[PDB]
Structures are given as structure tokens and as C-alpha cells.
Number of protein chains: 2
Amino acid sequence: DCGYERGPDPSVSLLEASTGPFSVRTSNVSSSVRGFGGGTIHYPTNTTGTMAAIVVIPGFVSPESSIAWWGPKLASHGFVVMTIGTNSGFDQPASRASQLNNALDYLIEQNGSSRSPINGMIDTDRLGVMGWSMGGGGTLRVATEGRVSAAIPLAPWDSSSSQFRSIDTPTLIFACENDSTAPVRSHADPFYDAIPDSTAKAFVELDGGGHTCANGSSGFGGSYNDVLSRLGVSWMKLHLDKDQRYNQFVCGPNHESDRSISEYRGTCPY
Amino acid sequence: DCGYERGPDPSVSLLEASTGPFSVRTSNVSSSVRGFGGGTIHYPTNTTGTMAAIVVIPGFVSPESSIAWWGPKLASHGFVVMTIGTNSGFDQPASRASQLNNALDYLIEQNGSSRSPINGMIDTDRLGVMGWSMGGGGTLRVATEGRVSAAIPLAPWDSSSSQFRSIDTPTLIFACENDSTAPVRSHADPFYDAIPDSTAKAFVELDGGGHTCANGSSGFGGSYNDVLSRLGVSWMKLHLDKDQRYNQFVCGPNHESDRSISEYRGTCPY
Ligand SMILES: O=C(O)c1ccc(C(=O)NCCO)cc1
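Structure determination for this PDB entry is given in the record as X-ray crystallography, at a resolution of 1.6800 Å.

Rendered as C-alpha cells:
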């Protein structure tokens, strides 16, 4: 109804393809950028119209590289995706939340900058956040604030869960079953549980996943890319683009029948 | 020569055994302990004489459990080993160094405490430190100080390497080949390189190892336990006990011919 739909009527095959329908380019953000540690703006080059913006933030002492897989992946599906680094690897979730916000602000700024290749490409109303570990805690925190329209914490790490009762943002938590850094039992699980059941939410625990299981990979350890692409892209399509054509990949499937998904929870329908 | 030798003339089989020659017990250290986040004192129960004390410290936002494997492992070979937690998961290497020192101090204190099961069991002159990731940075930092007689950083993470030119302590760095949290190229390798070649040192990169590869494991992913036990126990025996019977396991073998060791460097002979 909102007219943000882009690209073909999707298919699992489209979602699990190495890249989405759009060619992607990258634009550097120096670490001199205010409010975060720089990053890479990934954007599609053969789309029309404006598109939602997504910031993907790493976890503790982790560089952008840790979550960079998500940039081209999501951008290829019709999003401006800035994978970023943090001011310090030591940044805690609250700081990462602030930097997520700063990075979102930055994409909004760059959307209006003649020097940016995404100038005029972003519907700045339509903002998604993603983040690994402490960055996933930051993501969940940003998901409480009412600006972003989708949040995908990746193996989130945070220090308390009750703050996330304020999440009305559609939040898909990728959990890593065997996460020993942000153990599901003390992080992804209570964070997910804290989110109101009225919130569009999903808990996708990746079978056998260690702490990096939801970061994607382009070389070794790519075994979760299908579910990450399928659910993550659809999540962002569904909630950032209001693209109901992607609903069926997040609400409908028996996710746990996926060999890569050890546990699924969600509040379907959305 | 120093008379600290304990246990039988070793063999690889002894070193790679599930446990060393000694039964171990554990004694709890509440997190209320001053100067670190509590821990577990592992000590052998059917030993005679005093033994060196080892503190094993975890990395960022990691609990003692992350490195706990080393407690029983080393204790069973004739050491008092306290696996500890940190005050905060957010503690940085310098703080972990201080907590390593506090934990060492604590073992020295407990050695003189009628309430400690290791009272009178510790030769407080003979101190080893081990630590994972930022705890390994802390370990390397403590290794600069002149009090400890052996240091085993496990996939160490730290923010600068030049400080480690001050390491005269026998330092065995376990590196994890595919570490993406403390990339060998920017952590274990320059930390090892910074140590003077006059220092007894070793760099043991575990083949295919992720960031936890040097932490040990009981069942799930235990594929490095042999090299960790063989080289780690021998390191501590050699340098804490001056037990030259263990020298041949650290100086002599073609370490890289071990299928678990992707790279070895060292300053043999010691
Ligand atoms: O043992 C460590 O020092 C250590 C453990 C976990 C992290 C981490 O959380 N990495 C993912 C991003 O948060 C960093 C360091």
C-alpha cells in the first residue's frame, strides 16, 4: 500500500541467491566520521526510487569486517546498507546504540549530500538497524526508540533485558545456538522474550552456531548464509519496505524444519 | 637443580592424558574477592611439596568458564591453578593485567590462609599466568613485570605490542590461526615478535583455530587439547618448576608437523 516495493515478486531462490537483484557499489566512510568509526555504504546501482537505509554495527573489539557480509547482501536486495566500525572496540552496547543512531543520522545526512552516491536514494523515514553481539545489544536499544522500522540483532549481547520491553520495532533476533560469548540463555533468549508479543518479532536460533553464526560469510563458514539472507532480507523487505511479498518467508515456513535453525520463535502474523 | 620437580619423568602420553598424574579438587573464590571477579582454585590432592601457582584469566565479557579447562588440566599436573572471572566483562587488558596480579596476590594470600585448601601448597615465588584474548593481553602485560615465571597468552588481544619488548618471562603464546577477534596478524604475532629473542618464548598457532582455540574444551571441539596440554603443561613445568624433563616437549619437536599446529616459532633452546 505504501509503494516502497522494489524488485520482483520474491522466491526462496531469489532470497538465497549470492546477491539480490541489484548490483552493488560501495562508498567509503572514513573513520573520521563523527559519531562512529567509519564504514562502508553499500548501495544498489540499478534500482529506481528511494529505499530504506540500514546500518550494521559490529560487537566488542570487532571491526566492520565482522558484519560486512550484510552490506552487499542487503544492498543487493534494494537497500542502502552502511556497515560500520565503532569509535572503540571497547564500546559497550549503549555506546553502540548511540553510534547506530549516529550512523543512521549519517545516512540521512549523506542522503542529502551532493558528494554522496546515495544522495537522494534513501527514504530517511525507513531505517533498519542490525548489529552483532554488543552491536546487537545496541541494535535492540535502538529498536526501543521508535525511529527504526526494523531491527536485526545478530547474536546480541547486552547487560539487561527489561529495557527491551520498549521494543515496538519489528525485531528479528538471530541467535547462535552454541554462542558462548553472548549465550542465548542470558542474551538472545531474554532479549527476545522481553519484547512485547504485540511487536512483530522473531527469534531464529542458528543450529550449532557459534557467536559469529549470524554475521554471514563469503568464504569459509557460509553455512548460515541461506537462512540469514532468506530471513534477514525478508525481514528488512517486510518491515522497512512494507513489502508483504516477503511476508511468506518470515511468517508461514516451519523455520525449525530448516536444518540450520535449531529454534524459531515469533509473533506471526505481523 | 631447584628441586621443584614433581611427578614422573613425563611422556607425550602423560602430557596428552585427560588429566595429569594428580587428582584435583576445586575451591571456590566468590566474586566478592577483592581485585577480580572470583574464580575456582584447582589444586592437586595427592601431591607432596609446594607447587607453582597459576592464574588463568578470561577475555572480554567472557566468564571464567571460557578458560576453565586449564584449571583441572594444569592442576592435575602439579599446580595450583585459579581460573578466574574479571570484575567486569568490559575490563580491558590493563585491567585484566591488574586482576591477574590481584589473583596472583590472592593465591599468595590464600597460601597463608588456614581457610584455604591450598594453604601451604604454593611456592609463592613460582607464579604463572595464562589468559585468553584481552586476558592474554593482560597475561602478556603481567609477563613484563618480573614476578611471574611463565606466561601463556591464549589467543591474546591487546592494543599495542611495543610494551611486550619488556617481557623477559618465558612466554608461550597460543595463537588461533583463523582468529577474527584477536587476529594473529595484529595481536599474537606482533606480541610474540615484540618479546626479545633472549626471552624463552614460543608461538604456537593452532591450525584452523578460531578465537577460542586455545581455551581447551571437554567434548565439544576438543581437537586442540593435545597440543594445549602437551605444550602448555610442559611450558609451565619447564618454566615454573624448572623441570627440565619437560623441556623436550617444547624444544625439540617439529611442532609444525603436528596437524593441530599451523605455525610454530620459538627461541629454543631456553
Ligand atoms: O575473550 C575475548 O576477549 C572476547 C570475547 C568475545 C568478544 C566479542 O564479543 N566478540 C564479538 C563482538 O562482540 C570479544 C573478545
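Participant: Help me understand the overall build of chain A in this model?
Facilitator: When helices and strands are counted, chain A shows 7 helices and 9 strands. In terms of principal-axis extent, the alpha carbons of chain A reach across some 45 × 40 × 35 Å. For chain A, with 270 residues in total, the buried portion stands at 60%. Contacts spanning at least 24 positions in sequence make up 67% of the contacts within chain A whose residues lie at least 6 apart. If you sum the accessible surface of chain A, you get close to 9,700 Å²; carbon and sulfur atoms cover 42% of it. Across chain A, the mean location of the 18 positive side-chain charges is 5 Å away from that of the 26 negative side-chain charges.

Participant: Honestly, the sheet that holds strand β8 (residues 201-206) of chain B in this entry has me stumped. Any pointers?
Facilitator: Two modes of strand pairing occur in sheets, parallel and antiparallel, and in both the strands are linked by backbone hydrogen bonds. Residues and elements named next belong to chain B. The 9 strands lie next to each other as β1-β2-β4-β3-β5-β6-β7-β8-β9, forming an open sheet whose pairing is mixed. Edge strands, defined here as strands with exactly one partner in the open sheet, are β1 (24-29) and β9 (261-266). Each strand of the sheet is rotated relative to its neighbour by a mean of 15°, with strand direction disregarded. Of the strand pairs in this sheet, strand β3 (residues 51-57) and strand β5 (residues 122-132) are connected by 6 bridges, and their pairing is parallel.

Participant: Any chance you could explain the relation of the copies chain B and chain A here in plain terms?
Facilitator: The relation between the two chain copies is a rotation about an axis coupled with a shift along that axis. Overlaying chain B on chain A yields an RMSD of 0.1 Å, the required transformation being a rotation through 180° with an accompanying axial translation of 0.0 Å. The two molecules are tied by a two-fold rotation axis, judged by turn and shift. When you check the interface residues of chain B against chain A, 89% turn up at the interface there too, and the contact is symmetric in its surfaces.

Participant: Would you mind showing me how to read the site of the ligand here?
Facilitator: Around the ligand sit 15 residues, and of these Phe60(A), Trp132(A), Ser133(A), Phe60(B) and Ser133(B) come closest. The ligand sits at the junction of chains A and B, each of which supplies nearby residues. For the ligand, an oxygen atom lies 2.4 Å from a polar atom in the backbone of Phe60(A). In the model, an oxygen atom of the ligand is placed 2.4 Å from a nitrogen or oxygen of the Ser133(B) side chain. For the ligand, whose free accessible area comes to 370 Å², the fraction covered by protein is 98%.

Participant: In this structure, what is going on with the packing of helix α3 (residues 93-111) of chain B against helix α4 (residues 134-143) of chain B? I would like to understand it.
Facilitator: How two helices pack is summed up by the angle between their axes together with the distance between the axes. Residue and element names in this part refer to chain B. Where α3 meets α4, the axes come as close as 7 Å, and the angle between the chain directions of the two elements is 65°. Classified by chirality, the crossing of α4 by α3 is right-handed. Note on element contacts: α4 touches α3 through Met-134, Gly-135, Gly-137, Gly-138, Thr-139, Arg-141 and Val-142, opposite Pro-93, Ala-94, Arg-96, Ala-97, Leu-100, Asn-101 and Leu-104. For the contact of α3 with α4, the per-class residue count stands at 7 nonpolar, 5 polar and 2 charged.

Participant: How should I be thinking about the interface of chain B and chain A in this particular structure?
Facilitator: Interface size, as often reported, equals the accessible area lost upon joining of the parts. Opposite the 9 residues of chain B that make contact, chain A presents 9 residues. Carbon and sulfur atoms supply 75% of the area buried between chain B and chain A, which totals about 940 Å² over both sides. Among the residues chain B hides against chain A, the three largest losses belong to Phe60(B), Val61(B) and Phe90(B). Together they make up 46% of the total. At the boundary of chain B and chain A, one finds 0 salt bridges.

Participant: Help me understand the environment of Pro8(A) in this model?
Facilitator: Residues and elements named next belong to chain A. Of note, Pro-8 is situated in the segment before α1 (12-16). Spatially, the C-alpha atom of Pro-8 lies 36 Å from that of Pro-190, the residues being 182 residues apart in sequence. Ignoring anything within four residues of it in the chain, the contact list for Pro-8 reads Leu-14, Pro-21, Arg-245 and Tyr-246.

Participant: How should the pattern of salt bridges be read in this particular structure?
Facilitator: Pairs can form between side chains of opposite charge once their charged atoms are near each other. Scanning all chains against the criterion turns up 25 salt bridges over all chains. With a shortest N-O distance of 2.7 Å, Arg230(A) and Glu16(A) are connected by a salt bridge. One end of the pair, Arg230(A), is in helix α6 (residues 225-240); the other, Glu16(A), is in helix α1, with 214 residues separating them in the sequence. Accessibility expressed as a relative area gives 9% for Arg230(A), which makes it buried. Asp197(B) is the salt-bridge partner of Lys201(B), the closest N and O atoms lying 3.4 Å from each other. In this structure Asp197(B) comes out as exposed when scored by relative accessible area, which is 61%. In the salt-bridge network here, residues are joined through shared partners; they are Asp123(A), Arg126(A), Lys237(A) and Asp241(A).

Participant: Hey, could you run me through the pairing of strand β2 (residues 39-44) of chain B in this one?
Facilitator: Within a regular strand, side chains alternate between the sheet's two faces. Residues and elements named next belong to chain B. For β2, the tally of buried residues reaches 6 of 6 residues, placing the bulk of the element in the interior. Side chains of β2 alternate between two faces, with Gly-39, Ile-41 and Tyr-43 and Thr-40, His-42 and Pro-44 buried alike. Where β1 and β2 come together, 6 bridges link them in antiparallel fashion. Looking across to β2, one finds that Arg-25 is bridged to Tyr-43.

Participant: Honestly, the sheet that holds strand β7 (residues 171-176) of chain A in this entry has me stumped. Any pointers?
Facilitator: All names here are of chain A. Strand order across the open sheet formed by 9 strands is β1-β2-β4-β3-β5-β6-β7-β8-β9, with mixed pairing between neighbours. The open sheet has two free edges, formed respectively by β1 (24-29) and β9 (261-266), since each of these has just one partner strand. On average, each strand axis in the sheet is tilted by 15° relative to the strand beside it, whichever way the strands run. Where helix α3 (residues 93-111) meets the sheet, its contacts fall on β1, β2 (39-44), β3 (51-57), β4 (80-84) and β5 (122-132), and the angle it forms with β5 comes to roughly 150°.

Participant: How should helix α6 (residues 225-240) of chain B be read in this particular structure?
Facilitator: For an α-helix, the turn length of 3.6 residues means that residues three or four places apart are oriented alike. Within α6(B), 15 of the 16 residues are buried, leaving the element largely enclosed by the surrounding structure. In the segment just after α6(B), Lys242(B) is the residue with positive phi, at about 55°.

Participant: How should I be thinking about the side chain of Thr86(A) in this particular structure?
Facilitator: Residue and element names in this part refer to chain A. With respect to the secondary-structure elements, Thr-86 resides in the loop between β4 and α3. Here the side chain of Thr-86 touches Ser-88 through a polar contact of 2.7 Å, landing on its backbone oxygen. Setting aside anything within four residues of it in sequence, one finds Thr-86 in contact with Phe-36, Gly-37, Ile-57, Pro-58, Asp-91, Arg-96 and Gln-99.

Participant: How should I be thinking about unusual backbone geometry in this particular structure?
Facilitator: The phi angle of most residues is negative, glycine excepted, and most peptide bonds adopt the trans form. The linkage connecting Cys268(A) with the following residue, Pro269(A), adopts the cis geometry, with an omega of 0°. Its identity as a non-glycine residue notwithstanding, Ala155(A) has a phi of 40°, on the positive side. Of note, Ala155(A) is situated in the loop between β6 (150-154) and β7. Judged by its relative accessible area of 1%, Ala155(A) falls in the buried class. Phi angles above zero are rare outside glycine, and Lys242(B) is one such case at about 55°. Examined against the element boundaries, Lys242(B) turns out to sit in the loop between α6 and α7 (247-250). Residue classification places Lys242(B) among the partly exposed positions, given a relative accessible area of 29%.

What counts, and where the lines are drawn
Residues numbered from 1 in each chain as written, not as in the entry; some residues may be left out. Chains lettered and ligands numbered in written order. Heavy atoms only, no water. Helix = DSSP H or I, 4+ residues; strand = E, 2+ residues; numbered from the N terminus. Buried < 20%, exposed > 50% of the residue type's maximum accessible area, 1.4 Å probe, protein only. Contact = heavy atoms within 4.5 Å. Areas by Shrake-Rupley, 256 points an atom, 1.4 Å probe, with all protein chains shown as cover. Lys, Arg positive; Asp, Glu negative; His and termini not counted. Charge placed at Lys NZ, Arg CZ, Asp CG, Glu CD. Pairing = 2+ DSSP bridges. Axes fitted to C-alpha atoms, helices over the stretch in contact; angles between N-to-C directions. Least-squares fit on C-alpha atoms. Near = heavy atom within 4 Å. Polar contact = N/O pair within 3.5 Å; in protein donor to acceptor, adjacent residues only side chain to side chain. Left-handed = near helix turned anticlockwise from the far one by under 90°. Nonpolar A, V, L, I, M, F, W, Y, C, P; charged D, E, K, R; others polar. Buried area = accessible area lost by both parts, 1.4 Å probe. Salt bridge = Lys/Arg side-chain N within 4 Å of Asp/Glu carboxyl O.

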